[PDB]
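Colleague: After the structure tokens below, expect a handful of questions from me.
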Amino acid sequence: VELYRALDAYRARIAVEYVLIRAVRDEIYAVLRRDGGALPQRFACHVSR
Amino acid sequence: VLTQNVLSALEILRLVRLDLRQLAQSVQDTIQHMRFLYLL
């Protein structure tokens, strides 16, 4: 049981960057749902219709 | 000239049976160890 808990703590250790990545991914999808897919321009680039 | 030898070997074969029981317990213990830990 001690090795099991130590393995779980290790799992929580290495997961720290991936949970942040998923936080950003879910944030992108949540903002995209909230806005309705309307993206405003925030970076300069001449665009064509 | 033989029965004494076969019983004097049985005197160690009892320990052999003990070691068989010990090894079987070890094998079951290892299987339980692996099954508990490594199968998420």
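Identifiers in this document derive from the order of the structure tokens: chains are assigned A, B, ..., residues are numbered from 1 separately in each chain, and ligands are numbered from 1 in order of occurrence.
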Can I get the residues of chain A within 10 Å of chain B, each with the closest pair of atoms and their distance in Å to one decimal, using only C-alpha atoms, sorted chain first then ascending number, as CSV?
Modeller:
```
residue,atom,partner,partner_atom,distance
A:1,CA,B:37,CA,8.0
A:3,CA,B:37,CA,7.8
A:4,CA,B:37,CA,6.0
A:5,CA,B:37,CA,9.7
A:7,CA,B:37,CA,9.0
```
Colleague: Could you please take those selected residues and save N, CA and C atoms as an mmCIF file, in the first residue's frame?
Modeller:
```
data_model
loop_
_atom_site.group_PDB
_atom_site.id
_atom_site.type_symbol
_atom_site.label_atom_id
_atom_site.label_comp_id
_atom_site.auth_asym_id
_atom_site.auth_seq_id
_atom_site.Cartn_x
_atom_site.Cartn_y
_atom_site.Cartn_z
ATOM 1 N N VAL A 1 0.826 -1.202 0.000
ATOM 2 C CA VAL A 1 0.000 0.000 0.000
ATOM 3 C C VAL A 1 0.860 1.252 0.000
ATOM 4 N N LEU A 3 3.906 1.586 -1.385
ATOM 5 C CA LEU A 3 4.379 1.768 -2.752
ATOM 6 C C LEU A 3 3.259 2.268 -3.651
ATOM 7 N N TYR A 4 2.032 1.803 -3.417
ATOM 8 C CA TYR A 4 0.894 2.277 -4.200
ATOM 9 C C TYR A 4 0.669 3.771 -4.005
ATOM 10 N N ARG A 5 0.701 4.231 -2.757
ATOM 11 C CA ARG A 5 0.512 5.653 -2.489
ATOM 12 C C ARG A 5 1.672 6.474 -3.029
ATOM 13 N N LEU A 7 3.481 5.717 -5.665
ATOM 14 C CA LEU A 7 3.254 5.800 -7.102
ATOM 15 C C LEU A 7 2.187 6.833 -7.432
#
```
Colleague: As a PyMOL selection string, list the residues of chain A assigned to helix (DSSP H, G or I) by DSSP on the backbone atoms of this structure.
Modeller: chain A and resi 2-14+16-35
Colleague: Save the residues we just selected, N, CA, C and O atoms, as a short mmCIF file (atom, residue, chain, number, x, y, z; two decimals), in the first residue's frame?
Modeller:
```cif
data_model
loop_
_atom_site.label_atom_id
_atom_site.label_comp_id
_atom_site.auth_asym_id
_atom_site.auth_seq_id
_atom_site.Cartn_x
_atom_site.Cartn_y
_atom_site.Cartn_z
N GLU A 2 2.01 1.21 0.68
CA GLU A 2 2.89 2.37 0.69
C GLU A 2 3.47 2.64 -0.69
O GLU A 2 3.53 3.79 -1.13
N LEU A 3 3.91 1.59 -1.39
CA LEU A 3 4.38 1.77 -2.75
C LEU A 3 3.26 2.27 -3.65
O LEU A 3 3.49 3.07 -4.56
N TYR A 4 2.03 1.80 -3.42
CA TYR A 4 0.89 2.28 -4.20
C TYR A 4 0.67 3.77 -4.01
O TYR A 4 0.48 4.52 -4.98
N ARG A 5 0.70 4.23 -2.76
CA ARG A 5 0.51 5.65 -2.49
C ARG A 5 1.67 6.47 -3.03
O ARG A 5 1.47 7.59 -3.52
N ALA A 6 2.89 5.95 -2.93
CA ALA A 6 4.05 6.64 -3.48
C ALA A 6 3.96 6.77 -4.99
O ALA A 6 4.30 7.81 -5.56
N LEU A 7 3.48 5.72 -5.66
CA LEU A 7 3.25 5.80 -7.10
C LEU A 7 2.19 6.83 -7.43
O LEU A 7 2.30 7.55 -8.43
N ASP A 8 1.13 6.92 -6.62
CA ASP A 8 0.10 7.93 -6.86
C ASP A 8 0.65 9.34 -6.69
O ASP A 8 0.31 10.25 -7.45
N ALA A 9 1.49 9.54 -5.67
CA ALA A 9 2.12 10.85 -5.48
C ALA A 9 3.03 11.18 -6.65
O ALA A 9 3.08 12.33 -7.11
N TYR A 10 3.76 10.18 -7.16
CA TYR A 10 4.59 10.41 -8.34
C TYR A 10 3.73 10.78 -9.54
O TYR A 10 4.08 11.69 -10.30
N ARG A 11 2.60 10.10 -9.71
CA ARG A 11 1.69 10.42 -10.80
C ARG A 11 1.22 11.86 -10.71
O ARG A 11 1.20 12.58 -11.72
N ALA A 12 0.83 12.30 -9.52
CA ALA A 12 0.46 13.70 -9.34
C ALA A 12 1.63 14.63 -9.61
O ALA A 12 1.42 15.77 -10.04
N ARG A 13 2.86 14.18 -9.37
CA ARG A 13 4.02 15.04 -9.60
C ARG A 13 4.20 15.36 -11.08
O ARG A 13 4.38 16.52 -11.46
N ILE A 14 4.19 14.33 -11.93
CA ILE A 14 4.53 14.52 -13.34
C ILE A 14 3.35 15.08 -14.12
O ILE A 14 3.51 15.56 -15.25
N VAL A 16 1.69 17.72 -13.57
CA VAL A 16 1.44 19.13 -13.28
C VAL A 16 1.43 19.98 -14.55
O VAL A 16 0.64 20.92 -14.67
N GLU A 17 2.32 19.69 -15.51
CA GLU A 17 2.32 20.49 -16.73
C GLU A 17 1.17 20.11 -17.66
O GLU A 17 0.62 20.98 -18.35
N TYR A 18 0.78 18.84 -17.67
CA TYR A 18 -0.28 18.42 -18.58
C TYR A 18 -1.64 18.92 -18.13
O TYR A 18 -2.49 19.24 -18.97
N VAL A 19 -1.88 19.02 -16.82
CA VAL A 19 -3.14 19.57 -16.35
C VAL A 19 -3.24 21.05 -16.67
O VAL A 19 -4.33 21.55 -16.97
N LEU A 20 -2.12 21.78 -16.66
CA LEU A 20 -2.13 23.17 -17.11
C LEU A 20 -2.41 23.27 -18.60
O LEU A 20 -3.14 24.16 -19.05
N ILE A 21 -1.82 22.37 -19.39
CA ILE A 21 -2.09 22.36 -20.83
C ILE A 21 -3.57 22.11 -21.09
O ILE A 21 -4.20 22.77 -21.93
N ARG A 22 -4.16 21.15 -20.37
CA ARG A 22 -5.59 20.88 -20.54
C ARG A 22 -6.43 22.05 -20.05
O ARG A 22 -7.51 22.31 -20.59
N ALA A 23 -5.98 22.75 -19.01
CA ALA A 23 -6.69 23.94 -18.57
C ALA A 23 -6.76 24.97 -19.70
O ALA A 23 -7.82 25.54 -19.96
N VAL A 24 -5.65 25.19 -20.39
CA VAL A 24 -5.65 26.13 -21.51
C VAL A 24 -6.53 25.63 -22.65
O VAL A 24 -7.24 26.41 -23.29
N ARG A 25 -6.49 24.32 -22.93
CA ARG A 25 -7.31 23.78 -24.01
C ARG A 25 -8.80 23.95 -23.73
O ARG A 25 -9.57 24.39 -24.59
N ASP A 26 -9.22 23.58 -22.52
CA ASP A 26 -10.61 23.79 -22.12
C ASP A 26 -10.97 25.26 -22.12
O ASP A 26 -12.11 25.61 -22.42
N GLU A 27 -10.02 26.13 -21.78
CA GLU A 27 -10.31 27.56 -21.82
C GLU A 27 -10.54 28.04 -23.24
O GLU A 27 -11.44 28.85 -23.49
N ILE A 28 -9.73 27.56 -24.19
CA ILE A 28 -9.92 27.93 -25.59
C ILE A 28 -11.29 27.49 -26.07
O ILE A 28 -12.03 28.26 -26.69
N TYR A 29 -11.65 26.23 -25.79
CA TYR A 29 -12.96 25.74 -26.22
C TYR A 29 -14.11 26.45 -25.52
O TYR A 29 -15.15 26.70 -26.14
N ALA A 30 -13.94 26.80 -24.24
CA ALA A 30 -14.98 27.53 -23.52
C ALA A 30 -15.17 28.93 -24.06
O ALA A 30 -16.30 29.39 -24.23
N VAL A 31 -14.07 29.64 -24.34
CA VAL A 31 -14.18 30.97 -24.93
C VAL A 31 -14.80 30.88 -26.32
O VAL A 31 -15.61 31.73 -26.70
N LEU A 32 -14.43 29.86 -27.08
CA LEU A 32 -14.97 29.69 -28.43
C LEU A 32 -16.47 29.43 -28.39
O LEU A 32 -17.22 29.91 -29.25
N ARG A 33 -16.93 28.65 -27.40
CA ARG A 33 -18.37 28.46 -27.21
C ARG A 33 -19.06 29.75 -26.78
O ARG A 33 -20.15 30.07 -27.26
N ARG A 34 -18.44 30.49 -25.86
CA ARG A 34 -19.04 31.71 -25.34
C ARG A 34 -19.20 32.77 -26.42
O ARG A 34 -20.24 33.43 -26.50
N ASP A 35 -18.18 32.95 -27.25
CA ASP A 35 -18.21 34.01 -28.24
C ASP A 35 -19.11 33.65 -29.42
O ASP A 35 -19.64 34.55 -30.09
#
```
Colleague: Distance atom CA of residue B:20-atom CA of residue B:6, one decimal place?
Modeller: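 Between these atoms lies a distance of 19.8 Å.
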Colleague: What is the distance, in Å and to one decimal place, between atom CA of residue B:18 and atom CA of residue B:1?
Modeller: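 Calculated distance between atom CA of residue B:18 and atom CA of residue B:1 is 27.7 Å.
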